[PDB]
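Engineer: Take this structure, written in structure tokens, and hold onto it; I'll ask about it next.
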Amino acid sequence: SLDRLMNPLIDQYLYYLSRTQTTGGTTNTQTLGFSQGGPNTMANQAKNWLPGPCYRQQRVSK
Amino acid sequence: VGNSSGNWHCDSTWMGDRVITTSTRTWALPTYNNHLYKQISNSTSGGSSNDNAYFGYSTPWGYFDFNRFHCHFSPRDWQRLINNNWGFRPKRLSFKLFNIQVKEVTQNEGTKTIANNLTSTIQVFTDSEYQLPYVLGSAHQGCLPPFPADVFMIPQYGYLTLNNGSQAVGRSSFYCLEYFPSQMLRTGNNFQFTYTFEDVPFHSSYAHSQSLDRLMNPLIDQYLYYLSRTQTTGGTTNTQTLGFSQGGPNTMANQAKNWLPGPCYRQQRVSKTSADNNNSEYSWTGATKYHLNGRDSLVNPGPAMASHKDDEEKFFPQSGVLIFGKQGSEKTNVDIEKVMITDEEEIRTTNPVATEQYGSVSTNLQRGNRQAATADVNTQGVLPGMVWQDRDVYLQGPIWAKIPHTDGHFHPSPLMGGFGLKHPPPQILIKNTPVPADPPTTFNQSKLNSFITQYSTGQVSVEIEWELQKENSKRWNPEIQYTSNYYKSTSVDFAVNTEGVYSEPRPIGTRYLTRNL
Amino acid sequence: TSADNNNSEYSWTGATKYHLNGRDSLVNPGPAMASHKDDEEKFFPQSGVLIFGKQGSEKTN
Amino acid sequence: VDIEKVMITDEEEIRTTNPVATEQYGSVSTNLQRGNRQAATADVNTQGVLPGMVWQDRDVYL
Amino acid sequence: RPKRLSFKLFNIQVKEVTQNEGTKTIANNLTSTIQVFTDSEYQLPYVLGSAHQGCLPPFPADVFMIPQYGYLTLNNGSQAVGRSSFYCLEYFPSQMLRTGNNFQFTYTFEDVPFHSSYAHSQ
Amino acid sequence: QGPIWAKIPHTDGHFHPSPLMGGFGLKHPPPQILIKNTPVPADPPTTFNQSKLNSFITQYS
Amino acid sequence: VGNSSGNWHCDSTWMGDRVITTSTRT
């Protein structure tokens, strides 16, 4: 599938946004935590292509 | 045994409109799972996410990873390329591999002697039919050393299939390369092969001298008209009327153009300045994404876009562009200073800005009793009349990608940027040959599990012959160029600190030379 | 027909447009379209088509 | 006529690359946040094409 | 679909003008000249496709003046950027031309989809 | 009374480049021809002057 | 000693009414 075309044993050598606020105790402040894409965070890994075109339709049951 | 398997051919040369290049590098080879296969899903896990579910197999094999540029071009040279040509396209590709050796390892009482076993071997092959799941186009680390003198290990290999959570479907497939012919190889014996690309549109490495709204003449006016008045304006009275006018040098904004900006995908904006961002964790929730088969996945880097508009250097798209990390970076929650972001101000010329609306439209038809309706557009498809430029490439970036062998593909230009092909270069895979240990004295039905752990190594290179369209611009004014600033710096650029670690100062673009639109 | 239009100046505000590099510009004549449906000869797109001027026309309003 | 006198077409074969009709295409944002502005997020049920898409046309039936 | 395109230009003349005390005599200076050229490499900002008035007279018997010329670049309000460019055609070869001497040239289109000038029956 | 063709932007991506005003597009459109009256200076000084000239016989062709 | 004694020829191929096959194993 379009989201599983990469290798599971490695990580992208790029980074992506993973933190908007601090997480170390009982305090909230503006911060920025960046990280690479791992085998455990595949969902966020940067892909290279895009799904196809679409037209929403109402659903129905058998 | 007493003869080199070839010479170290690694240079950069320019004979004119073509450029040849090769880089020799030394690698290593480790066995895996003791020559055994595997199954992988939420196992050596994370816990529960139809979005983080997977299904694949770790094979005892390894492969090559050189889909980047800093692996074929030293910086300077790349520069040379940039300031002189407008576009290029790689045509030829050679591959050499030699000087193999085999090492074994006996770990007795912590005392381990490492000698060679010149009689062992390995086997490699290629897939010229692309029957094996393609692994590249994912920019997985472990590319050839951006540097030439260092050495590296070859990343193991594993693929995946159509899955359903922690279970697979019937149609799920399962392959085993041990089913493919492979030039066997013993020490001293060499191996090489060759392939040649096919036709491809030269990735245009340049910017534009005008924007889609300023392509007309300032001294004249369109001989057409446009709506300029809905009501009267002559005193203290309001009545329905219609004032039409031509397009002048003072009303350029309204002048009828002939073409249309490119496609778009709205994204949330963010700042490099920590305090200017809202105080809420929206990294995963307020993020732009698509829905597929229940698994919701992010849309990165998404379509071609513009990082920001003028003077918005503080912001960039939430997940609209690439990011890099200076050498020494680790896996997670690192800060912004250990990384580098990509500036895309070069496309404001023709493509929209990610954190910006595409434009507005109406939702109704007014009358004397109905108010003028006006909505917004953050999602946009394409129509006849659009033009854009794909994402620019970066030296520390990917080079090409495998076009999915399907019935429908459109302007297959990859998103990370680069080049696509219906028949991409091939994947080469190697593994240490298995060699069993002392077997029993009598028979035993079961197969073997005891082998001499060993590893092998050697050096390789690759030749690339490209094409390039040299510039013909007669712009009089001196364009911009790429250069290391002339002030004094403690640690040189692309140098190696007093420790030998080699790091890059900033990422590098190619859209430097400005060519007319 | 002048009287059938709402009484508000939306020439620039209620107009269809795109945003690029901060400069918001109109979208004229825009993509290929249909002027109107049957018997709607009274209407046309705000900035969806071309317009011409008989000889002797001046610059504005 | 009822549902039993008919037969429907199963298209599970494309979840591989194309979206699902009764599903959103995905989400996007509508605004730019600040310390005083909340993160805007809308939905997309209508979608055109862009460079970077790939799909497979409807399969045929005997 | 238009395939071929020729271009001819001739019968040039030169006039000078002395405005003395409001009394201005206009005679010719047959020894002056001009120079023109073409851009077969499209290195100059294209100006057409903007439907700017001053096209050849829709009519044939009238006469007209040639609109001046001006282009633009990547800008930032009332200021320009570094990458902004600046050209000067005085940098291009140009068949010089004196009165009595003619000048012409020729070009030919390339493949294009015939614009369908018809409606549909369904 | 309309336009005939237009210059396709020399880019990497263009789709059904059919212009919007309508007409024909080309990767290599007909050319642009430009002309100007040649400059001819007026009576220059009797001695030298570093600066260039600004006085010419106004004329037209 | 410094030369492989051959390549790993292990595949399945169908040329029509015939079928060739081989399997390498250690």
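Letters for chains follow the order of the structure tokens (A, B, ...), residue numbers begin at 1 for each chain, and ligand numbers begin at 1 in the order shown.
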Select from chain E every residue with an atom at most 12 Å from any atom of chain C, then for each give the shortest pair of atoms and their distance in Å to one decimal, using only C-alpha atoms, rows by chain and rising number, as a tab-separated table.
Structural biologist:
```
residue	atom	partner	partner_atom	distance
E:51	CA	C:50	CA	11.5
E:53	CA	C:59	CA	11.6
E:57	CA	C:55	CA	11.9
E:58	CA	C:55	CA	10.8
E:59	CA	C:55	CA	11.8
E:74	CA	C:21	CA	11.1
E:75	CA	C:21	CA	10.6
E:76	CA	C:21	CA	9.8
E:77	CA	C:23	CA	9.8
```
Engineer: Give me a file of those residues, with N, CA and C atoms, as a PDB file, in the first residue's frame.
Structural biologist:
```
ATOM      1  N   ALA E  51      -2.715  40.679 -24.232  1.00  0.00           N
ATOM      2  CA  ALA E  51      -3.724  41.399 -24.977  1.00  0.00           C
ATOM      3  C   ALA E  51      -3.662  42.894 -24.757  1.00  0.00           C
ATOM      4  N   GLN E  53      -3.573  46.646 -25.853  1.00  0.00           N
ATOM      5  CA  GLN E  53      -4.027  47.411 -26.999  1.00  0.00           C
ATOM      6  C   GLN E  53      -2.864  47.879 -27.861  1.00  0.00           C
ATOM      7  N   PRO E  57      -3.922  47.692 -36.641  1.00  0.00           N
ATOM      8  CA  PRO E  57      -5.279  48.192 -36.809  1.00  0.00           C
ATOM      9  C   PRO E  57      -6.208  47.095 -37.282  1.00  0.00           C
ATOM     10  N   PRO E  58      -7.318  46.898 -36.568  1.00  0.00           N
ATOM     11  CA  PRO E  58      -8.281  45.865 -36.949  1.00  0.00           C
ATOM     12  C   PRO E  58      -8.602  46.195 -38.389  1.00  0.00           C
ATOM     13  N   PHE E  59      -8.418  47.468 -38.708  1.00  0.00           N
ATOM     14  CA  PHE E  59      -8.663  47.958 -40.044  1.00  0.00           C
ATOM     15  C   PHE E  59      -7.342  48.042 -40.794  1.00  0.00           C
ATOM     16  N   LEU E  74      10.885  39.985 -10.299  1.00  0.00           N
ATOM     17  CA  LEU E  74      10.440  39.533  -8.993  1.00  0.00           C
ATOM     18  C   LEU E  74      10.589  40.728  -8.065  1.00  0.00           C
ATOM     19  N   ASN E  75       9.494  41.174  -7.460  1.00  0.00           N
ATOM     20  CA  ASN E  75       9.584  42.338  -6.591  1.00  0.00           C
ATOM     21  C   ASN E  75       9.019  42.179  -5.185  1.00  0.00           C
ATOM     22  N   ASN E  76       9.372  43.144  -4.344  1.00  0.00           N
ATOM     23  CA  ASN E  76       8.945  43.180  -2.958  1.00  0.00           C
ATOM     24  C   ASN E  76       8.456  44.577  -2.611  1.00  0.00           C
ATOM     25  N   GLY E  77       7.217  44.870  -2.980  1.00  0.00           N
ATOM     26  CA  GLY E  77       6.664  46.180  -2.709  1.00  0.00           C
ATOM     27  C   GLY E  77       7.292  47.231  -3.605  1.00  0.00           C
TER      28      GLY E  77
END
```
Engineer: Quick one: everything within 10 Å of residue 9 of chain G, counting only C-alpha atoms, minus sequence neighbours fewer than 3 positions away in the same chain. Send it as a CSV table (one decimal) with N, CA, C and O atoms, in the first residue's frame.
Structural biologist:
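Saved the output as part06.csv:
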```csv
chain,number,residue,atom,x,y,z
B,179,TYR,N,15.7,-17.9,-4.6
B,179,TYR,CA,15.0,-18.4,-5.8
B,179,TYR,C,15.6,-17.7,-7.1
B,179,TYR,O,15.0,-17.9,-8.2
B,180,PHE,N,16.6,-16.9,-6.9
B,180,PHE,CA,17.2,-16.2,-8.0
B,180,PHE,C,18.6,-16.5,-8.3
B,180,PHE,O,19.4,-16.6,-7.4
B,181,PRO,N,18.9,-16.5,-9.6
B,181,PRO,CA,20.3,-16.8,-10.1
B,181,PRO,C,21.2,-15.7,-9.5
B,181,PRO,O,20.7,-14.6,-9.3
B,182,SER,N,22.4,-16.0,-9.1
B,182,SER,CA,23.3,-15.1,-8.5
B,182,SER,C,24.8,-15.4,-8.8
B,182,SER,O,25.3,-16.5,-8.4
B,183,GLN,N,25.4,-14.5,-9.5
B,183,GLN,CA,26.9,-14.7,-9.7
B,183,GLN,C,27.5,-15.0,-8.4
B,183,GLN,O,27.5,-14.2,-7.5
B,184,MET,N,27.9,-16.2,-8.2
B,184,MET,CA,28.5,-16.6,-7.0
B,184,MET,C,29.8,-15.8,-7.0
B,184,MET,O,30.3,-15.3,-8.0
G,6,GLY,N,32.0,-21.4,-10.0
G,6,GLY,CA,30.8,-21.2,-10.7
G,6,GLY,C,29.8,-20.3,-10.1
G,6,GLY,O,30.0,-19.9,-9.0
G,12,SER,N,13.3,-20.9,-12.0
G,12,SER,CA,12.2,-21.7,-12.6
G,12,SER,C,11.9,-20.8,-13.8
G,12,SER,O,11.7,-19.6,-13.7
G,21,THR,N,14.2,-26.3,-14.4
G,21,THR,CA,14.3,-25.9,-13.0
G,21,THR,C,15.6,-26.4,-12.3
G,21,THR,O,16.1,-27.4,-12.7
G,22,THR,N,16.0,-25.6,-11.4
G,22,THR,CA,17.2,-25.9,-10.6
G,22,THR,C,17.1,-25.2,-9.3
G,22,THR,O,16.4,-24.2,-9.1
G,23,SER,N,17.8,-25.8,-8.3
G,23,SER,CA,17.8,-25.3,-6.9
G,23,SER,C,19.2,-25.5,-6.3
G,23,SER,O,19.7,-26.6,-6.2
G,24,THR,N,19.7,-24.3,-5.9
G,24,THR,CA,21.0,-24.4,-5.3
G,24,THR,C,20.8,-24.6,-3.8
G,24,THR,O,19.8,-24.0,-3.2
```
Engineer: Please report as CSV every residue of chain C lying within 9 Å of segment 13-24 of chain F, along with the nearest atom pair and their distance in Å (one decimal), using only C-alpha atoms.
Structural biologist:
```
residue,atom,partner,partner_atom,distance
C:28,CA,F:20,CA,8.8
C:29,CA,F:21,CA,6.8
C:30,CA,F:20,CA,6.6
C:31,CA,F:20,CA,6.0
C:32,CA,F:20,CA,6.8
C:49,CA,F:21,CA,8.6
C:50,CA,F:21,CA,8.0
```
Engineer: Restricting the output to C-alpha atoms, write the selected residues as a PDB file, in the first residue's frame.
Structural biologist:
```
ATOM      1  CA  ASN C  28      -9.904  36.229 -14.592  1.00  0.00           C
ATOM      2  CA  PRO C  29     -11.079  34.924 -16.862  1.00  0.00           C
ATOM      3  CA  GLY C  30     -10.366  31.811 -14.846  1.00  0.00           C
ATOM      4  CA  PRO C  31     -10.822  28.255 -16.190  1.00  0.00           C
ATOM      5  CA  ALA C  32     -13.074  27.179 -19.031  1.00  0.00           C
ATOM      6  CA  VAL C  49     -15.583  35.773 -19.248  1.00  0.00           C
ATOM      7  CA  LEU C  50     -14.354  38.264 -21.774  1.00  0.00           C
TER       8      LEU C  50
END
```
Engineer: Name the closest residue to residue 25 of chain F among the candidates E:17, E:66, E:56, E:48; distances are taken between atoms, counting only C-alpha atoms.
Structural biologist: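 Between E:17, E:66, E:56, E:48, the residue approaching residue 25 of chain F most closely is E:48.
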Engineer: Neighbouring residues of residue 283 of chain B were defined as those with any atom within 9 Å, considering only C-alpha atoms; residues of the same chain fewer than 2 positions away were excluded. Please report them as a list in words.
Structural biologist: residues 17, 18, 19 and 20 of chain A; 280, 281, 285, 286, 287 and 318 of chain B
Engineer: Quick check for you: according to DSSP on this backbone, which residues of segment 6-61 of chain C are classed as strand (DSSP E)? Reply as a count of residues only.
Structural biologist: 8
Engineer: What are the closest atom pairs, with distances in Å to one decimal, for each residue of chain F lying within 8 Å of chain E, using only C-alpha atoms, rows by chain and rising residue number, as a tab-separated table?
Structural biologist:
```
residue	atom	partner	partner_atom	distance
F:2	CA	E:51	CA	7.9
F:3	CA	E:51	CA	6.2
F:5	CA	E:49	CA	6.7
F:6	CA	E:49	CA	4.7
F:7	CA	E:49	CA	6.8
F:23	CA	E:115	CA	7.6
F:24	CA	E:112	CA	7.6
F:26	CA	E:110	CA	7.9
F:28	CA	E:42	CA	7.9
F:29	CA	E:109	CA	7.5
F:30	CA	E:107	CA	7.1
F:31	CA	E:39	CA	5.6
F:32	CA	E:38	CA	5.8
F:33	CA	E:38	CA	4.8
F:34	CA	E:36	CA	5.6
F:35	CA	E:36	CA	4.7
F:36	CA	E:34	CA	6.1
F:37	CA	E:34	CA	5.1
F:38	CA	E:34	CA	4.8
F:57	CA	E:16	CA	6.9
F:58	CA	E:17	CA	6.0
F:59	CA	E:16	CA	4.0
F:60	CA	E:15	CA	5.3
F:61	CA	E:14	CA	4.5
```
Engineer: Filtering to N, CA and C atoms, could you give me those residues as an mmCIF file, in the first residue's frame?
Structural biologist:
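Writing done, so here's selection25.cif:
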```
data_model
loop_
_atom_site.group_PDB
_atom_site.id
_atom_site.type_symbol
_atom_site.label_atom_id
_atom_site.label_comp_id
_atom_site.auth_asym_id
_atom_site.auth_seq_id
_atom_site.Cartn_x
_atom_site.Cartn_y
_atom_site.Cartn_z
ATOM 1 N N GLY F 2 -10.188 38.692 -30.463
ATOM 2 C CA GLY F 2 -9.445 38.134 -29.346
ATOM 3 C C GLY F 2 -7.977 37.826 -29.602
ATOM 4 N N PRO F 3 -7.282 37.254 -28.603
ATOM 5 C CA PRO F 3 -5.869 36.876 -28.637
ATOM 6 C C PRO F 3 -5.703 35.590 -29.426
ATOM 7 N N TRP F 5 -2.354 33.373 -29.443
ATOM 8 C CA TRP F 5 -1.528 32.361 -28.818
ATOM 9 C C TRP F 5 -0.850 32.973 -27.603
ATOM 10 N N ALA F 6 -0.111 32.154 -26.866
ATOM 11 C CA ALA F 6 0.587 32.639 -25.691
ATOM 12 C C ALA F 6 1.825 31.804 -25.405
ATOM 13 N N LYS F 7 2.753 32.401 -24.675
ATOM 14 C CA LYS F 7 4.006 31.758 -24.328
ATOM 15 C C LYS F 7 3.892 30.798 -23.162
ATOM 16 N N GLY F 23 -6.800 29.991 -27.292
ATOM 17 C CA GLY F 23 -5.710 30.174 -28.230
ATOM 18 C C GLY F 23 -4.771 28.992 -28.285
ATOM 19 N N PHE F 24 -3.534 29.253 -28.689
ATOM 20 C CA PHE F 24 -2.555 28.189 -28.802
ATOM 21 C C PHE F 24 -1.281 28.451 -28.022
ATOM 22 N N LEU F 26 2.870 27.169 -27.024
ATOM 23 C CA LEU F 26 4.032 26.561 -27.659
ATOM 24 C C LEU F 26 5.223 26.610 -26.735
ATOM 25 N N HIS F 28 8.057 26.780 -27.910
ATOM 26 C CA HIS F 28 8.884 27.709 -28.664
ATOM 27 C C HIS F 28 7.998 28.529 -29.599
ATOM 28 N N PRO F 29 7.303 29.534 -29.048
ATOM 29 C CA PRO F 29 6.383 30.469 -29.704
ATOM 30 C C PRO F 29 7.017 31.325 -30.775
ATOM 31 N N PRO F 30 6.196 32.013 -31.577
ATOM 32 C CA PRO F 30 6.814 32.847 -32.598
ATOM 33 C C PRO F 30 7.654 33.799 -31.785
ATOM 34 N N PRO F 31 8.516 34.568 -32.437
ATOM 35 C CA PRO F 31 9.388 35.511 -31.746
ATOM 36 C C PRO F 31 8.867 36.921 -31.585
ATOM 37 N N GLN F 32 9.628 37.705 -30.832
ATOM 38 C CA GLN F 32 9.309 39.096 -30.584
ATOM 39 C C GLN F 32 10.330 39.905 -31.355
ATOM 40 N N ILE F 33 9.843 40.878 -32.107
ATOM 41 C CA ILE F 33 10.697 41.741 -32.904
ATOM 42 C C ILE F 33 10.627 43.142 -32.330
ATOM 43 N N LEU F 34 11.785 43.741 -32.093
ATOM 44 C CA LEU F 34 11.817 45.067 -31.507
ATOM 45 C C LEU F 34 12.682 46.052 -32.253
ATOM 46 N N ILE F 35 12.191 47.279 -32.357
ATOM 47 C CA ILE F 35 12.904 48.310 -33.082
ATOM 48 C C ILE F 35 12.945 49.635 -32.329
ATOM 49 N N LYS F 36 13.911 50.475 -32.681
ATOM 50 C CA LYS F 36 14.055 51.781 -32.062
ATOM 51 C C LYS F 36 14.770 52.712 -33.017
ATOM 52 N N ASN F 37 14.513 54.002 -32.873
ATOM 53 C CA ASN F 37 15.168 54.981 -33.717
ATOM 54 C C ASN F 37 16.597 55.061 -33.220
ATOM 55 N N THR F 38 17.555 55.137 -34.135
ATOM 56 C CA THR F 38 18.948 55.224 -33.724
ATOM 57 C C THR F 38 19.218 56.590 -33.141
ATOM 58 N N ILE F 57 18.850 65.291 -31.709
ATOM 59 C CA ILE F 57 17.859 65.820 -32.618
ATOM 60 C C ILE F 57 16.669 64.906 -32.483
ATOM 61 N N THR F 58 15.553 65.434 -32.003
ATOM 62 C CA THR F 58 14.377 64.596 -31.858
ATOM 63 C C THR F 58 13.865 64.298 -33.255
ATOM 64 N N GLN F 59 13.619 63.023 -33.514
ATOM 65 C CA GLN F 59 13.171 62.590 -34.820
ATOM 66 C C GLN F 59 12.327 61.340 -34.705
ATOM 67 N N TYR F 60 11.693 60.974 -35.806
ATOM 68 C CA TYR F 60 10.878 59.785 -35.823
ATOM 69 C C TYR F 60 10.921 59.168 -37.205
ATOM 70 N N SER F 61 10.635 57.873 -37.274
ATOM 71 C CA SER F 61 10.650 57.163 -38.543
ATOM 72 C C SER F 61 9.397 56.331 -38.754
#
```
Engineer: Just the number, please: distance in Å from atom CA of residue 66 of chain B to atom CA of residue 79 of chain B, one decimal.
Structural biologist: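 Calculated distance between atom CA of residue 66 of chain B and atom CA of residue 79 of chain B is 20.1 Å.
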Engineer: Could you write out as number ranges by chain the residues of chain C within 7 Å of chain B, counting only C-alpha atoms?
Structural biologist: C: 2-9, 11, 14, 16-22, 25-26, 28-29, 31, 47, 50-53, 59-61
Engineer: Dump as a Markdown table the rows for residues of chain B within 7 Å of chain D: closest atom pair and distance in Å with one decimal, only C-alpha atoms counted, ordered by chain and rising residue number.
Structural biologist:
```
| residue | atom | partner | partner_atom | distance |
| --- | --- | --- | --- | --- |
| B:263 | CA | D:50 | CA | 5.8 |
| B:266 | CA | D:28 | CA | 5.5 |
| B:267 | CA | D:29 | CA | 5.2 |
| B:268 | CA | D:29 | CA | 5.3 |
| B:269 | CA | D:32 | CA | 5.4 |
| B:276 | CA | D:34 | CA | 5.4 |
| B:277 | CA | D:34 | CA | 4.8 |
| B:278 | CA | D:35 | CA | 4.0 |
| B:279 | CA | D:35 | CA | 6.2 |
| B:286 | CA | D:41 | CA | 5.9 |
| B:288 | CA | D:28 | CA | 4.5 |
| B:289 | CA | D:26 | CA | 5.1 |
| B:290 | CA | D:26 | CA | 3.5 |
| B:291 | CA | D:26 | CA | 5.2 |
| B:292 | CA | D:19 | CA | 5.4 |
| B:293 | CA | D:15 | CA | 5.5 |
| B:303 | CA | D:51 | CA | 6.9 |
| B:378 | CA | D:30 | CA | 6.8 |
| B:380 | CA | D:48 | CA | 6.1 |
| B:381 | CA | D:48 | CA | 3.3 |
| B:382 | CA | D:49 | CA | 5.6 |
| B:406 | CA | D:56 | CA | 6.4 |
| B:407 | CA | D:56 | CA | 5.5 |
| B:408 | CA | D:55 | CA | 5.1 |
| B:409 | CA | D:54 | CA | 4.3 |
| B:410 | CA | D:53 | CA | 6.0 |
| B:411 | CA | D:51 | CA | 5.3 |
| B:412 | CA | D:52 | CA | 5.5 |
| B:413 | CA | D:52 | CA | 5.9 |
| B:414 | CA | D:52 | CA | 5.8 |
| B:415 | CA | D:52 | CA | 6.0 |
```
Engineer: At a cut-off of 10 Å, which residues of chain A touch chain D? Count only C-alpha atoms and give the answer as a PyMOL selection string.
Structural biologist: chain A and resi 1-4+30+48-60+62
Engineer: Find the distance between atom CA of residue 8 of chain E and atom CA of residue 1 of chain F and write it in Å to one decimal.
Structural biologist: 23.4 Å
Engineer: If you measure from atom CA of residue 475 of chain B to atom CA of residue 417 of chain B, what distance in Å do you get, rounded to one decimal?
Structural biologist: 28.1 Å
